[PDB]
Amino acid sequence: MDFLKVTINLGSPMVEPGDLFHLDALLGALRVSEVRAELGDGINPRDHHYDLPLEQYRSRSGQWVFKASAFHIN
RNA sequence: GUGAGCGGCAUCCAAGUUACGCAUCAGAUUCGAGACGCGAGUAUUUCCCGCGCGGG
């Protein structure tokens, strides 16, 4: 519902990802961190990492992907 | 549930042995403790400096 550009600045060098580093993956990890903070460590991580503020793209075969590009490494 | 999560560059090792700051070189040439303190000139006022008195 709104096009955005997420920019992250590093204070320490990161591990260069071997494969794609997706924005939705990081957002899901942070959301799971929030759910852990509120509830605890007994939560199922798979029950909360889809509750992200990103809209989804669905193809013909029903395959859907979050609308968040993989992070650009410069 | 960030191709995530988890993971000691760590252990051991002599900078050491030997080596003359030494040989040579005038602090010399000239010159006095021996000289230097008044017995030096008349009588009573003259031009003047500060102002009766200090004073050329």
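Hey, does the stretch A:52-67 have a residue that's among the basic types (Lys, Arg), exposed (fewer than 10 other Cβ atoms within 10 Å of the Cβ) and near RNA strand B (Cβ under 9 Å from one of its atoms)?
no
Could you tell me whether the stretch A:6-24 includes any residue that is touching an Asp or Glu at 6+ places or on another chain (Cβ under 9 Å) and surrounded by 10 or more Cβ atoms within 10 Å (Cβ to Cβ)?
no
Could we say that A:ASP41 is within 20 Å of A:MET1 (Cβ to Cβ), assigned to a loop (DSSP other than H, G, I, E, B) and within 12 Å of RNA strand B (Cβ to nearest atom) here?
Answer is no for this residue.
What number of residues within the stretch A:32-53 are closer than 19 Å to A:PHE66 by Cα and in contact with a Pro (Cβ under 9 Å, 6 or more places away or on another chain)?
1
Mind checking whether some residue in the stretch A:4-24 is of a type in the set (D, E, K, R), outside any loop (DSSP other than H, G, I, E, B), touching a strand residue (DSSP E or B) at 6+ places or on another chain (Cβ under 8 Å) and away from RNA strand B (no atom under 15 Å from the Cβ)?
no
Could you give every pair whose Cβ atoms fall below 8 Å, whose first residue belongs to the stretch A:12-31 and is touching a residue at least 24 places away in the same chain (Cβ under 8 Å), and whose second residue is more than 6 Å from RNA strand B (Cβ to nearest atom) and among the polar types (S, T, N, Q), counting only separations of at least 6 or pairs across chains?
Going by the 8 Å Cβ cut-off, the qualifying pairs are A:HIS22/A:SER69; A:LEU23/A:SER69.
Out of all the residues in the stretch A:44-74, which are outside any strand (DSSP E or B) and under 17 Å from A:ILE8 (Cα atoms)?
Passing the criteria: A:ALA68, A:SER69, A:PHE71, A:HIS72, A:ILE73, A:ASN74.
Because the Cβ atoms are built from the backbone with ideal geometry, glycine has one as well, and the counts that use them run over all protein chains shown. Since every read-out is calculated from the coordinates, none of them should be taken as a lab result.
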